[PDB]
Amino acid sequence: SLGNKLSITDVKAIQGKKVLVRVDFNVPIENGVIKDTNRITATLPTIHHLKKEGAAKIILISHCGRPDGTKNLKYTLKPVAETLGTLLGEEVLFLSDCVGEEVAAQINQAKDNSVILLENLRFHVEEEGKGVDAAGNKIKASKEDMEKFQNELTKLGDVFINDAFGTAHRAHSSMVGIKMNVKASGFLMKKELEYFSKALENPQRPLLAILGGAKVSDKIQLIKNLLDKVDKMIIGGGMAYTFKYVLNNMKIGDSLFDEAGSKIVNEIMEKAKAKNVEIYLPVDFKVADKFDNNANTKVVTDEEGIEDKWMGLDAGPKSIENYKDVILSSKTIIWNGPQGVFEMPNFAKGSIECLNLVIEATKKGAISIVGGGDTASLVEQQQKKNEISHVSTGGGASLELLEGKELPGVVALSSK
């Protein structure tokens, strides 16, 4: 289950507690300078709630870069402490390790209600459970080494807050081994779990999935899992040409064709029929004579097909018209994939109209979830993030959740 997990707002006893918080501070650092501070800024509601609720210590644990289970000061969290300090308007204490008597002593010695940032968890092989030494030899932590490191992290505090949903798909020490009585989601994780629970457990129906992207192959698990939940599915973008070719023997010219993925199209269509899911493929396309925004373009229907040396780069006007009744009658929308080459303004119309319809449905009461990646970029470029119920930032974890995979970091949270 996803919706019955304990959240930071449900925690009653916070005053005078040492609160251990797993955050996502995997920020790009260019010679001591943080170039993107969004991940740091996104943890402020969690930190503010803990300070306001009178926490004795706010102990932050995270990772960044790729140290591979070895101390590697290129991936030091030291600059993150400085940036977080500036954002908080107070000094954030940075510690050179994350476990042990010395770290414990420094935490206890710190000013009450203050914020402490511990060094990168991934400097320890026990965090990921595997790594690589300096020489390049593979190293692995034994069950006992793992258990000892997990016990050491547990000894740092009294209450555990997991605000790192983007790492919850991993059975890492900081996701599964912090054995405190209260293990609650932080505000970021709370929102992710709340909205993914709304979309996938007992959703408000009709439930619609809007899928797109360049390939079929990397979306098979996602499609097959969503066919067990949804009532309707729009399949668009580059992946649609593979479907039109296999299903209707439609000429696709130089459009994208997924050779491995083409062999699974019939299975997908057969599962959709078994599950009584309505599939909506494009019936027309905006084609181009070159892969370029300034290409010569025209509209072809799926009855005409695409001529040799031409390529489909967006859904056509009829396919765009067909979205309207599908999207506007939907009460829950999971959107994972653009409907064309949105990076080229002349082939963004299908994706932009899909966005306008999803927004319209949301204003009228639908719950809209944007999976991430390219769809999130489109919503961001169009400046419409606040018009969508939830734009997930969980990356790989959001994708695994939608593929029906186990999230160990979620499983390890307390139940409400």
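Each residue number is its position in the shown sequence, starting from 1.
Set 162-170 against 136-144 and average the Cα temperature factors; 136-144 ends up higher.
Comparing 23-31 with 371-379, the stretch with the higher mean C-alpha B-factor in the PDB entry is 23-31. Listed residues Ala105, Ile223, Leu313, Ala260 were ranked by CA B-factor as deposited; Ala105 comes out on top. The PDB entry assigns the greatest CA B-factor among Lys183, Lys244, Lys309, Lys78 to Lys78. Per-chain ranking of the deposited C-alpha B factor places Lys51 in the middle third.
The PDB entry assigns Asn346 a C-alpha temperature factor belonging to the middle third of its chain's modelled residues. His390 sits in the lowest third of its chain by CA B factor, as recorded in the PDB entry.
When all modelled residues of the chain are sorted by CA temperature factor, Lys286 is found within the lowest third. Compared with the other modelled residues of the chain, the Cα B-factor recorded for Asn336 ranks in the lowest third.
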